[PDB]
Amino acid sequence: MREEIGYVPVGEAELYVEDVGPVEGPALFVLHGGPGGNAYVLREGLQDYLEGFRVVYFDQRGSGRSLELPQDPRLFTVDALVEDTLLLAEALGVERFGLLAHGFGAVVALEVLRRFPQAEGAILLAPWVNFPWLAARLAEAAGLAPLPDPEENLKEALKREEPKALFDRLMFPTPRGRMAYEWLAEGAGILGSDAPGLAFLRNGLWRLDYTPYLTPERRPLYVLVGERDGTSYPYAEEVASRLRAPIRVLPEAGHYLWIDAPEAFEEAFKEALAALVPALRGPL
């Protein structure tokens, strides 16, 4: 199998890239979440279903295995993440491509679609689009009545419990899914910079509600989410209905929905991939 791993210069940043599969095959770019995450776990979960695609897994600017950026919070914006995706595609000589996104990756994917007709479609896994809503859920998970101010909800939640404890509850319906995730993640031995997350926080990420920018998308778009992903569901219903995208909600699955429900995920993901070519297979 073809696999080309390296650092690809994109102008403001150098990205860790894993360019996998037939070079002339149909291309998909993978947008991980966070912000400040990486594509390691995501690749391990998706790659078995993606043979015969050219899949470009990458870590976003300054994040995960990518090259550390200068101390400058202005480098960390949605626009920069979007533009990086296109610059990466051009560096690799890919003209048209689909998108696979997870969590916060969804906002980046939707902005790539909106701005760039080169993007041919997307599968949004566990999309995050409404951060005030997520902050309300964290505060709720900590036993608090949500306040109107989302950054105050976050601050008050984090006074009661550590972020990892709260996110773990939202993300992982079973201890066994969580432990499988942690063993896999820690096994990668990736030391991700704190800088991307801190900069997005400072730039007002928790005030970002992308909801109003969601409108019906002509291109093929699918939403897959875990019923028990407290970071995405049930808000993902709003995402799907505004985009007029099919949604599949997997029972008993959290944020890493392919870990919690491998069989149900395989079925839903294969359906989503097939739907990316409606000229051949037809619509939904």
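Residue numbers run from 1 along the displayed sequence.
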If you take the mean CA temperature factor per stretch, which one wins between 127-135 and 196-204? 196-204
Average Cα temperature factor in the PDB entry - higher stretch of 84-92, 99-107: 84-92
For the listed residues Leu170, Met179, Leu113, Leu75, which one has the largest C-alpha B-factor as given in the deposited model? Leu75
Quick one: which of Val41, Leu28, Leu69, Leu224 shows the highest Cα temperature factor in the PDB entry? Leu69
Should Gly64 be placed in the lowest, middle or highest third of its chain by the C-alpha B factor in the entry? lowest
When the modelled residues of the chain are sorted by Cα temperature factor, does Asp229 land in the lowest, middle or highest third? lowest
Where the record places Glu18 (Cα B-factor, split into thirds across the chain): lowest
What third of its chain, lowest, middle or highest, does the C-alpha temperature factor of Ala185 fall into? highest
Cα B factor band for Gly52 (lowest, middle or highest third within the chain): highest
